[PDB]
Amino acid sequence: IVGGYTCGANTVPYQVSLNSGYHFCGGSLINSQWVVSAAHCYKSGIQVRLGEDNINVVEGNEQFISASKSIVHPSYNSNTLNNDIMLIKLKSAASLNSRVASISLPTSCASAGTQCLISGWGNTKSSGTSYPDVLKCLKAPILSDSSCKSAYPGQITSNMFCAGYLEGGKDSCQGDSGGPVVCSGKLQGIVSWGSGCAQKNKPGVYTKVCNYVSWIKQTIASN
Ligand SMILES: [Ca+2]
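Have a look at this one:
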């Protein structure tokens, strides 16, 4: 997250870190046994880390649980990033409390102008590299589809939205991918892609979760 603020420990209780020896992507806890992330974060050997603030220090609220199954969306396209969404089943259920909690799926899609909260452990610089140990947060609005398509001609599908600031300076970044965009208490986006981070006229692009609720619910019910 570029241009954000330190969230505070366990203030984003649905945020997870995906770990394969190191943090590589975020995700969101949607019930006690399932996480949703970005398909481009797929790899084998995932440990899901719940209850994290500092990802390099054991602080006392963590739960570390291996994945048993990963399910990339049937229609994910790695070249265009269309359908950039993946479900991860935990080997055992997490213990839920005020510091480790699920986020609700949306019943309706959010409109442009709605303010959302984006969070992650990704790079904090638009030039160069500095990775934080503690969770960072950013408040940002959903942009109109017309603004989004004008920023990224030929690249925005109906399964994507832009959020952020056309003036730049505040955005998600590398290492935030897979993490949550929460608006009005519901999961509306997944950090997906952008051109650099925090550049003028290049806001972040997010997977539009409201298009996937049926697939998510059916998949959980059967797996
Ligand atoms: Ca920790």
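Residue numbers (this note's numbering): 1 to 223.
Note that beta-carbon positions come from the ideal geometry of N, C-alpha and C, so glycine has one too.
Q) With a cut-off of 8 Å, do at least 3 Cβ pairs link the segment 80-89 to the segment 50-58? A) no
Q | Minimum C-alpha distance to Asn10 - residue among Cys183, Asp53, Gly27 | A | Numbered from its first residue, the sequence shown carries residue 10 at position 10. With distances taken between Cα atoms, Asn10 lies closest to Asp53.
Q.
Please report the distance separating the alpha-carbon of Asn211 from that of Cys109.
A. As a first step, residue 211 must be located in the sequence shown, where it is residue number 211. As a first step, residue 109 must be located in the sequence shown, where it is residue number 109. Distance between the alpha carbons of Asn211 and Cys109 is about 8 Å.
(Q) At a cut-off of 6 Å, would you count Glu59 as near ligand 2, judging by its Cβ distance to the nearest heavy atom? (A) Ligands displayed in this structure: ligand 1; ligand 2 is not among them.
Q: Could you tell me the boundaries of the beta strand (DSSP E) in which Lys136 lies?
A: The residue labelled residue 136 in the question sits at position 136 within the sequence shown. Segment 136-141, the beta strand (DSSP E) holding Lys136.
Q) In its own chain, which residues sit with a C-beta less than 6 Å from the C-beta of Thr157, not counting the 5 before and 5 after it? A) As a first step, residue 157 must be located in the sequence shown, where it is residue number 157. Closer than 6 Å at the Cβ level, and outside the excluded window around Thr157, lie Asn82.
Q. Would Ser32 pass as a contact of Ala94 if the rule is Cβ separation under 7 Å?
A. Your numbering for residue 32 matches position 32 in the sequence shown. Your numbering for residue 94 matches position 94 in the sequence shown. Taking 7 Å as the Cβ cut-off, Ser32 and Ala94 qualify as a contacting pair.
Q) Among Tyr165, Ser28, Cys7, which one has its Cα closest to the Cα of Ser147? A) On the sequence shown, position 147 is the one that residue 147 refers to. Residue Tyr165 is the option with its Cα nearest to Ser147.
Q. Counting contacts by CB-CB distance shorter than 7 Å, is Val57 in contact with chain C?
A. Protein chains in the displayed structure number just one, and chain C is not present.
Q: Compute the Euclidean distance between the alpha carbons of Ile30 and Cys162, then round it to the nearest angstrom.
A: Within the sequence shown, the letter at position 30 stands for residue 30. Within the sequence shown, the letter at position 162 stands for residue 162. Roughly 22 Å separates the two Cα atoms.
Q) Given 8 Å as the limit, is there contact between the segment 133-145 and the segment 165-184, that is, 3 or more CB pairs closer than that? A) yes
Q: May I have the straight-line CA-CA distance separating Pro180 from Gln15, to the nearest angstrom?
A: By one-based count along the sequence shown, residue 180 stands at place 180. By one-based count along the sequence shown, residue 15 stands at place 15. Roughly 7 Å between the two C-alpha positions.
Q: Starting from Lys43, trace the alpha helix (DSSP H) both ways and give me its first and last residue.
A: Position 43 of the sequence shown holds residue 43. That residue, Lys43, is in no alpha helix (DSSP H); it is neither H nor E in DSSP.
Q. In three-state terms, what does DSSP make of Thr114?
A. The residue labelled residue 114 in the question sits at position 114 within the sequence shown. Coil at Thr114, not helix or strand.
**Q.** Residue environment, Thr124, which counts as buried when at least 16 other CB atoms sit within 10 Å
**A.** Here residue 124 refers to the residue found at position 124 of the sequence shown. Result: buried.
Q: Look up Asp171 in the DSSP assignment and give the residues it is bridged to.
A: Within the sequence shown, numbered from 1, the residue matching residue 171 stands at position 171. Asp171 pairs with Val2.
Q: Would you check whether ligand 1 has a heavy atom nearer than 6 Å to the C-beta of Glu62?
A: Counting from 1 along the sequence shown, the entry for residue 62 is found at position 62. Within the cutoff, so yes.
**Q.** Pairwise C-alpha distance: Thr129 and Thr219
**A.** What you label residue 219 is simply residue 219 of the sequence shown in a count that begins at 1. What you label residue 129 is simply residue 129 of the sequence shown in a count that begins at 1. Going from the Cα of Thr219 to the Cα of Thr129 covers about 37 Å.
Q.
Any heavy atom of ligand 1 closer than 6 Å to the beta-carbon of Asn97?
A. In the sequence shown, the residue the question calls residue 97 occupies position 97. For ligand 1, not one heavy atom lies less than 6 Å from the Cβ of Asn97.
Q | Simplified DSSP state of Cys210, which is helix, strand or coil | A | Translated into positions along the sequence shown, residue 210 becomes position 210. DSSP places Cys210 in helix when its eight states are reduced to three.
Q: Have a look at the DSSP bridge pairing and note the partners of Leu105.
A: Within the sequence shown, numbered from 1, the residue matching residue 105 stands at position 105. None, per the DSSP bridge assignment.
Q. Can you tell me where the beta strand (DSSP E) with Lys202 in it begins and where it stops?
A. Here residue 202 refers to the residue found at position 202 when the sequence shown is read from its first residue. First-last for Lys202: undefined, no H or E at that position.
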